[PDB]
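Taking it in order: structure first as structure tokens, then the write-up.
4 protein chains.
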Amino acid sequence: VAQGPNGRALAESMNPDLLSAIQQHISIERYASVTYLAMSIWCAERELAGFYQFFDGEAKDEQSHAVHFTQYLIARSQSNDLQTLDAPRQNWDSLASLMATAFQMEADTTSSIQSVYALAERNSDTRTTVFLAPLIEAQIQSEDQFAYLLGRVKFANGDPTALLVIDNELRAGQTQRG
Amino acid sequence: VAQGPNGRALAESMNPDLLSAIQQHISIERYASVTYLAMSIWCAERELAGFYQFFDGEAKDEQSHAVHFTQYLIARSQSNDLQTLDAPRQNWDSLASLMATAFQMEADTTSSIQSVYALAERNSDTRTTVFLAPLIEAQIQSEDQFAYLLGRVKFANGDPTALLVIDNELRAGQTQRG
Amino acid sequence: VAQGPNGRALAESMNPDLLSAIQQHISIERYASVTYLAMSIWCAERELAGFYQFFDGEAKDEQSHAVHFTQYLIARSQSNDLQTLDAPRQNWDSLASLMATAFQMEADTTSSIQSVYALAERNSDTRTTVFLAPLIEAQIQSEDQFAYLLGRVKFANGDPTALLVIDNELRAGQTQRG
Amino acid sequence: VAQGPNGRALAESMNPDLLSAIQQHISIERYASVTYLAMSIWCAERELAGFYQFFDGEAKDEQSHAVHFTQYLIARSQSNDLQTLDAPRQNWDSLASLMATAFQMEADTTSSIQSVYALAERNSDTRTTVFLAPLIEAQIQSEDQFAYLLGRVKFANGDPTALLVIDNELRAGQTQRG
Ligand SMILES: [Cl-]
Ligand SMILES: [Cl-]
Ligand SMILES: [Cl-]
Ligand SMILES: [Cl-]
């Protein structure tokens, strides 16, 4: 029985480009997490308590997804490489603009998974494409959810009253179409 | 004991114009159902989640009413004839205009039942007029309900904040005067 | 952030041939639903109450699957296009022949999904192939189930006693190999 | 305040032809009841215990409906006139033929109500047409039920095994399409 790069028994070697692509995706999700934290703070600064709670939860959830990827690399007996994390964007002129960045961050997370998926398909690494499929399914729901929150916020058209109403929806856990 | 057109024992023959009128009404209710589905989608496209849930339920309910009519034709040993279903209207310039079409669709459903009622009265088919009476009673409540939703939406006068408030009412099941 | 054809924020554009293929599949499932309704009626006309209940449930379930596809198009910010629905087949010379049409309808539903799957694979639309995979899994079980019901009905070899026994199985919810 | 023919305070006079028609209908339902009793006995004589239980219940139910009409005449301050009751038919060559007579008896019960309904309509006695409407609704379900039992028995085509299976359905309370 061979040993993998992290030292555990190796079920099947992984192409080093696929390894790097996964390590990079872990960074994308760690960066989405700190971005949601910055958005949590920005909302809290403007007394948008529901939005603040929502993004606080999104930051923790996104970090869990990152950890889930590190566990997969351990499962494949591959080395992890936790990288330097850029500072997040921290300033926006409005909630609408903040939600636009949030939607883009979620969509870009899905894009990064798709790239890892396509690279694994090329290398015929079927464990990885299989492992990734539920994570892409969840990203579809996350994208639907952020499109919902962004569109609802844009519908408000900057009116504080509408934004307060939506803020209370979020504090109550009403965060998707349902 | 005679056999009816669908092959079951026949309690009492039905005039073929009355049969056709019932088969056509089944189509009206099937068409109301897919119309409510299209309205469900239109609302979902604009993040009006409460309205989306309401019309999703109305589509299923209207389909049940259609099925209820097919069971009556079976009870009378008459043949069913499920027809080609037109595509629904799918585009509206505003919620107010959508709710106007919804109200008209509900009122037109009642009109179609009334026509079947009047035709059965002419033919002295008392089973049918008796069978129809509870269904007209429910249509009165449905008309009251859609007049309520339409009028409330018009009262909002296109203000997004008011429409968000009404959207949340609908998501909570607050769909009539009560 | 770009807007998709239905007006919501767009996570990733979809090839218009893939869109049309999905809109067409929605029609196939809507048509399977009304076909199961017609079969429900045909069984009810012959006092096959268990078969009638089974197909009444299959019609509602198949409609739910259609709605599930419309929600996916909303999730992808694509336009829905609910189409004219053909009338279903409504006449069969025997239960065996009806069950044969039912099996073919279920198999053809799976074929239509496979075509959408293959088209999405060509366009590298990984959200769609991922979204479709559970639906194909369920179709395998549905095909196994209809092969079971069809084969059991053929085993009866037209004997009314055997068909009554199977009818009671279905009324009790005994609808698969288990 | 005037007194009616039975001596109670009279809310509204009833045409004597309408009174007689109601008194005659009471006899029809009393006769249906004893007919179901005779059918109960015929089934018991052939060890068809489920059919025997079913018709024993139908005899009691039909008698209750007769009593319900006598209460209406009391409510209208009209006289009751319980008439001589003919002997029921008591002999049949087969269950199929017995079920045919049962279906006809149920259909003839509905016809007699319809006649009373039409006579009340002519006399504009709206209490009576209103009172009768639920009873006609129930007759539609009774007709659907007896068409179901008759058709199922004919499907058996005289095979004892199939008739035993149906007998057990009835003993378990499986007496309609459901
Ligand atoms: Cl804003
Ligand atoms: Cl509006
Ligand atoms: Cl067969
Ligand atoms: Cl027989």
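Residue numbers (PDB author numbering), protein chains in the order written: chain F, 5 to 182; chain B, 5 to 182; chain W, 5 to 182; chain L, 5 to 182.
Idealized CB from N, CA, C, for every residue including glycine.
Not one beta carbon of chain F lies nearer than 9 Å to the beta carbon of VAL120(B). Listed in chain order, the alpha helix (DSSP H) elements of length 4 or more contained wholly in the segment 10-81 of chain F are 20-49, 53-79. Under the 9 Å criterion on CB atoms, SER115(L) is classed as interfacial with respect to chain B. In this structure, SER83(F) sits away from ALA13(F), with a CB-CB distance that is not shorter than 9 Å. When DSSP reads this structure, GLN145(B) sits in no beta bridge, so it has no partner.
In terms of Cβ geometry, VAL169(L) and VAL169(W) form a close pair [threshold 9 Å]. Secondary-structure assignment with DSSP links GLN7(F) through a beta bridge to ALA13(F).
Looking at the backbone, the Cα of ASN10(F) and that of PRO164(F) are separated by about 53 Å.
Around ligand 2, the residues whose beta-carbon falls short of 5 Å from at least one of its heavy atoms are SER98(B), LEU99(B), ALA100(B), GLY162(B), given in chain order. Proximity of the beta carbon of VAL157(W) to ligand 3 is indicated: a heavy atom of the ligand is located closer than 8 Å. A contact is defined here as three or more CB-CB pairs under 8 Å, and the segment 27-40 of chain F meets this definition with respect to the segment 59-78 of chain F. Assignment of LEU123(W) by DSSP, reduced to helix, strand and coil, places it in the helix class. Relative to ligand 3, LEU14(W) has its C-beta separated by 8 Å or more from all heavy atoms. For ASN172(B), the uninterrupted alpha helix (DSSP H) run begins and ends at 164-175, by DSSP.
Going by C-alpha positions, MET43(W) is about 8 Å away from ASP60(W). With a cut-off of 8 Å, the C-beta of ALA106(W) is classified as distant from ligand 3, since no heavy atom of the ligand falls inside that distance. Using a Cβ distance threshold of 9 Å, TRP96(W) and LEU89(W) do not count as a contacting pair.
As DSSP reads the structure, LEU154(W) sits in no beta bridge. Contact of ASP148(L) with chain B is assigned, a C-beta pair being separated by under 9 Å. Remark: the C-beta of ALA176(F) is outside contact range of ligand 1, defined as less than 8 Å to any heavy atom. In this structure, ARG50(W) keeps its C-beta atom at 9 Å or more from the C-beta atom of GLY54(L).
Spanning the alpha carbons of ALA124(B) and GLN94(L) requires a straight line of approximately 37 Å.
In the structure shown, the three-state DSSP call for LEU139(F) is helix.
Closest in alpha carbon position to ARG181(F), among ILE78(W), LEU23(W), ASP85(W), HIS69(W), is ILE78(W). Using a CB distance cut-off of 9 Å, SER17(B) does not count as an interface residue toward chain L. With 16 or more other CB atoms across the displayed protein chains lying within 10 angstroms of its CB, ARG131(B) is buried. In the structure shown, the three-state DSSP call for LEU89(L) is coil.
Around the beta-carbon of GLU173(F), 16 or more other beta-carbon atoms lie within 10 Å, marking it buried. Here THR105(W) carries a helix assignment [DSSP, helix/strand/coil].
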